[PDB]
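Structural description and commentary
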Amino acid sequence: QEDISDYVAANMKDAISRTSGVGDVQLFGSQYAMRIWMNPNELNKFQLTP
Amino acid sequence: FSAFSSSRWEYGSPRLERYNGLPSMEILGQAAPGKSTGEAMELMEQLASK
């Protein structure tokens, strides 16, 4: 999902959102973000917070 | 600074161009003196395909 979604979002969705005759574009899915998943154990461990 | 700064020389671009949202580089050019621009354009399109 996120794979395709990224390709769409970083190659196509931006040429289509300008493309002639087109208004609002909505993506089904999501472009890639740096998704960084904390561990509360491993956060309580080194005495560190978000 | 020399206490915490590693320093070297490298290259870099002084002008970063974009066309339609994406990184691009612009090529000017002409057609031979008594030439139709459309001929030149066709040749150009035939080079850029390799």
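Presented here is a report on the structure given in the accompanying data block.

All right, on to the overall build of chain B then. A count of helical and extended segments in chain B gives 1 helix and 2 strands. Helices and strands appear in chain B in the N-to-C order β-β-α. Taking 50 residues into account, the globule formula puts the C-alpha radius of gyration at 10 Å, and chain B, at 20 Å, lies well above it. Taking the principal axes of the C-alpha coordinates as reference, chain B spans close to 65 × 25 × 20 Å. Here chain B holds 50 residues, and 0% of them are scored as buried.

So, on to unusual backbone geometry. Residue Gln-47 of chain A is not a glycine yet carries a positive backbone phi of 60 degrees. Turning to its location among the elements, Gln-47 of chain A is positioned in the segment after α2 (41-44). In this model, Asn-20 of chain B sits at a positive phi of 65 degrees, which is unusual for a non-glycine residue. Topologically, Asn-20 of chain B is positioned in the loop between β1 (17-19) and β2 (22-24).

What follows covers the environment of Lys-13 of chain A. Residue and element names in this part refer to chain A. Along the polypeptide, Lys-13 turns up in helix α1 (residues 2-16). Since its relative accessible area comes to 25%, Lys-13 is described here as partly exposed. C-alpha of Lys-13 to C-alpha of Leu-27: the two residues are 14 residues apart in sequence and 7.7 Å apart in space. In this view, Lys-13 contacts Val-8, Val-25 and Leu-27; residues no more than four positions away in its chain are not counted.

Cut-offs applied
Residues numbered from 1 in each chain as written, not as in the entry; some residues may be left out. Chains lettered and ligands numbered in written order. Part of a larger assembly, values for the part shown. Heavy atoms only, no water. Helix = DSSP H or I, 4+ residues; strand = E, 2+ residues; numbered from the N terminus. Rg over C-alpha atoms; globule rule 2.2 N^0.38 Å. Buried < 20%, exposed > 50% of the residue type's maximum accessible area, 1.4 Å probe, protein only. Contact = heavy atoms within 4.5 Å.

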